[PDB]
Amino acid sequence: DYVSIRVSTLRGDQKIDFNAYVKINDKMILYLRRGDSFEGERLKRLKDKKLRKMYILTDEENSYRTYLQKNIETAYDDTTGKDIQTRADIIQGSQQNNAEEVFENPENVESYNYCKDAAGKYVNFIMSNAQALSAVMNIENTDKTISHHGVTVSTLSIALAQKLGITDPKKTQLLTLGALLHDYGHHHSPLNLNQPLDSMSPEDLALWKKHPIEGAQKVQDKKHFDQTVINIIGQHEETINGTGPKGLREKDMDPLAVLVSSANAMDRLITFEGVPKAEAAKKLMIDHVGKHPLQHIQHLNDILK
């Protein structure tokens, strides 16, 4: 009777041609009403509620799904000169959505290639628009979800990739996709990420240390998965002085996973540890001395401001 949708797919200024319900005590409350839109402070109010899921009437699906396609279509369109926060709203939420599919459907070959394909679209979107990054960085991770945090890391990762003069589209594409999915090993996990790793109980820290090794075990076996991606998923907590979980050093890694390992260190601070954007790079230079290419750290410092 009802079909669930992910909230990150409701973005931008197009008025909806369907109603959307949230579930309370097994009943479906009508929350979002026909003609509603989500541009501006609307998206914040919408995210202040920890709604991961909403629902639509099985006979309003086409309406919704048509809405979603037109949404992403026109958002990638570089021509329409539509507001950049607006386009960024739509695409960030869409990248976030694609990563959730793969996370819940990692064996689904077709989901993967959609995400991978979208990854490419995102790169071309980030490079080809000056505003993009600062606009995508406006959308907070209020929920603190690994899917949104993975969109954030991929974003830092692209900008970083550009500073380092990494240009191969197959590579920025594969880099982004693997940053997006980078935390799949946290998926369905008891661990509360919203704390600092120093303030972690040994029961948490040891549960945290397992996540790259486990996350990678769960996908190295699926032929449709690129190896760069498996590597990124498996290696992104590794640090150049080998203090990360597997204890790898720069020689042992995917170069692209070093680059992701740095872009992740930044957002764990900003998002999971409440360090203000401006001081994250500094925190790392001092309290995380040795763990990351200082050049990476420097560039990310620039990117932020």
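Residue numbers run from 1 along the displayed sequence.
For the pair 207-215 and 75-83, the mean B factor over Cα atoms is greater in 75-83. Between 123-131 and 230-238, the higher mean Cα B-factor belongs to 123-131. Annotation for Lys291: CA B-factor lies in the middle third of the chain's modelled residues. In the PDB entry, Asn25 places in the highest third of its chain by CA B-factor.
In the PDB entry, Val258 places in the lowest third of its chain by CA B-factor. The deposited CA B-factor of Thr142 belongs to the middle third of values across its chain. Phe38: CA B factor lies in the highest third for its chain, per the PDB record.
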